[PDB]
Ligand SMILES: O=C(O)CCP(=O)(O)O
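There is one chain below, alone, in structure tokens, taken in the form solved without the named molecule.
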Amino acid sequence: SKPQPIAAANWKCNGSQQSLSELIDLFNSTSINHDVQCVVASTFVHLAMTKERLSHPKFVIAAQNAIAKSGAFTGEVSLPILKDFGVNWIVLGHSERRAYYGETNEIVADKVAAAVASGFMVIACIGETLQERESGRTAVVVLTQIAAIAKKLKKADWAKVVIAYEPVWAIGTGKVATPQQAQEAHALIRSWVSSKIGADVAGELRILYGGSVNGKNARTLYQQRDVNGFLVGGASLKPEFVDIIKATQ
């Protein structure tokens, strides 16, 4: 059995009014006949356009990032401002933020906890780099990451967490991940949850894959045992995203 799958569009730092309104239009015309939760994470700027125009009832909108408290933090957006704006989903600890914007395990854990304390649904990203994969440190790394997040949550909190596995080693490295490798990483995450938190938490937990998914490979990836959906990059800006959602049947 699988828990309810998730198809999440990570638009990243992209979009214009025209192009995004067109995409939201396709989305609104789409028949989604099964139980999938579709999630659109736009830039802070486009949240209002998005919120207003996406009318399809299988789609929720999400923010790509946030900080815990409001205040003197010029240029940043806090969880409280997001909640007031009526945004209940968030992406946290994405690899790009970990690589470029100084987010350590500890910072991610803290944000996830704040988000969780305020009532958000979080997609928490984890993943190891090339050097880590190569020296055979995959399990150590990913589990070290998960445990940092886990260290801040209560068992009940897991109901609001969704984990996304990013194969950093294969993103921009000229390396390629196979479905089997994706499965081997997700099975590692899920066993840890099982032993450490509980087979109850472990069986309900969604684990999304966040490597390269396109409409061609999506189905083979979803077919794997421990894959519950996708955190999609590039293809989420294309009509092809529709094929990715259909792949979670």
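When you see a residue number, it is the position in the sequence shown, counting from 1. Shifts are known only where both forms have a C-alpha. Superpose the two forms; the largest set of C-alphas matching within 1.5 Å is the rigid core.
Another form, the form solved in complex with the named molecule, is not on view; read the next lines as being about it.
Trainee: Please overlay the site onto where the named molecule binds in the entry with it bound and tell me whether the pocket on the shown chain stays open or is blocked (3 or more ligand atoms within 2.4 angstroms of backbone or C-beta atoms).
Mentor: By the 2.4 Å criterion, open.
Trainee: Each of 10, 170 and 233 having a non-hydrogen atom within 4.5 Å of the named molecule in the entry with it bound: is that the case here?
Mentor: Verified in the entry with it bound; spot residues all in contact, yes.
Trainee: Choose from 54-62, 218-226, 26-34, 204-212 the stretch whose residues reach within 4.5 Å of the named molecule in the entry with it bound, heavy atoms counted.
Mentor: It is the stretch 204-212.
Trainee: Can you work out whether residue 166 and the named molecule are in contact in the entry with it bound, taking contact to mean some heavy atom pair no more than 4.5 Å apart?
Mentor: Because a heavy atom of residue 166 falls inside 4.5 Å of the named molecule in the entry with it bound, the answer is yes.
Trainee: At a 4.5 angstroms cut-off on non-hydrogen atoms, which residues of 90-106 are near the named molecule in the entry with it bound? List them in order.
Mentor: Stretch hits: a single one, 94.
Trainee: Please name the single residue among 172, 71, 86, 102 whose Cα shifts by at least 2 Å between this form and the one not shown after core superposition.
Mentor: So the residue whose C-alpha moves 2 Å or more is 172.
Trainee: Out of closer and farther, which fits the Cα atoms of residue 215 and residue 175 in the entry with it bound compared with this form, where the change is 3 Å or more?
Mentor: Closer in the entry with it bound, by 3 Å or more.
Trainee: Enumerate, in order of sequence, every stretch of at least three consecutive residues present in both forms where each C-alpha is displaced by 2 angstroms or more between this form and the one not shown, superposition done on the rigid core.
Mentor: Core-superposed, just one run shifting 2 Å or more comes out: 169-176.
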